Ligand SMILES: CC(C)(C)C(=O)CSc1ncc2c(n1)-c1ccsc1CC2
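Heads up, the chain below is alone and in the form deposited without the ligand; it's given as structure tokens.
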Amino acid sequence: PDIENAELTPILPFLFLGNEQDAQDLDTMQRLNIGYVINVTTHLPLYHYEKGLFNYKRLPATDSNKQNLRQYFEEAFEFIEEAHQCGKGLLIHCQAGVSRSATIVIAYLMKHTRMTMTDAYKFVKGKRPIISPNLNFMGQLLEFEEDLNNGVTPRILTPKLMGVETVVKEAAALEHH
């Protein structure tokens, strides 16, 4: 509880990070032009699925110290890019939007923005303070960051994304860290 009943966080113009609440808030979603959802849990339902409005993708993971989240990065990344590729907004969430969801977004910012693991972590954190991936996930993000830098993973730096202004705010924010 406490500060945990936070508001849906906008990471990028087309990328939002939230909790199981925001996952249910059909009004905000349609308002924000959400067309895609990623549910990073195994037990929560794909809210509003029946309504046949958005496209979904579940990354069946728990916030355990044993969970493998890497296995899902690539997949989650495409789905995020698909939503991007076509003017739709994407909402990613888990339970509290505190550990699992965040790890995915941080990883994302890493792969598509040669941003450091710490910069990405700080960036997302800046916009959503409650953020706190678990040490298991932190290590995976560390490995991932190493993998990116050594090239064993195709870092996609295609301008296919962000417009100038977006990149500027991004850059300006990292300057604050």
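The first residue of the shown sequence is 1; numbering continues from there.
Here the subject shifts to the form solved in complex with the ligand, a form of this protein not shown in this document.
Peer 1: Can you tell me whether the pocket in this form is open or blocked when the ligand is overlaid from where it sits in the deposited complex, based on ligand atoms within 2.4 Å of backbone or C-beta (3 or more = blocked)?
Peer 2: Here the site is blocked.
Peer 1: Here the chain is shown alone; which of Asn134, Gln30, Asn149, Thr62 has a heavy atom within 4.5 Å of the ligand in the deposited complex?
Peer 2: It is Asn134.
Peer 1: Though the ligand is not shown, can you say which of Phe144, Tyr121, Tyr108, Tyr36 has a heavy atom within 4.5 Å of it in the deposited complex?
Peer 2: So the residue touching the ligand in the deposited complex, by this definition, is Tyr121.
Peer 1: According to a 4.5 angstroms non-hydrogen atom cut-off, is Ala102 in contact with the ligand in the deposited complex?
Peer 2: Although the ligand is absent here, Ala102 would touch it in the deposited complex, with heavy atoms inside 4.5 Å.
Peer 1: Mark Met138 yes when one of its heavy atoms lies within 4.5 Å of a heavy atom of the ligand in the deposited complex, and no otherwise.
Peer 2: Judged by the heavy-atom cut-off of 4.5 Å, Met138 is in contact with the ligand in the deposited complex.
Peer 1: With the partner left out of view, is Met117 within 4.5 angstroms of the ligand in the deposited complex by any non-hydrogen atom?
Peer 2: Answer yes; at least one heavy atom of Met117 falls within 4.5 Å of the ligand in the deposited complex.
Peer 1: Thinking of the ligand in the deposited complex, which stretch from 54-62, 22-30, 126-134, 37-45 has heavy atoms inside 4.5 Å of it?
Peer 2: Of the stretches listed, the one contacting the partner is 126-134.
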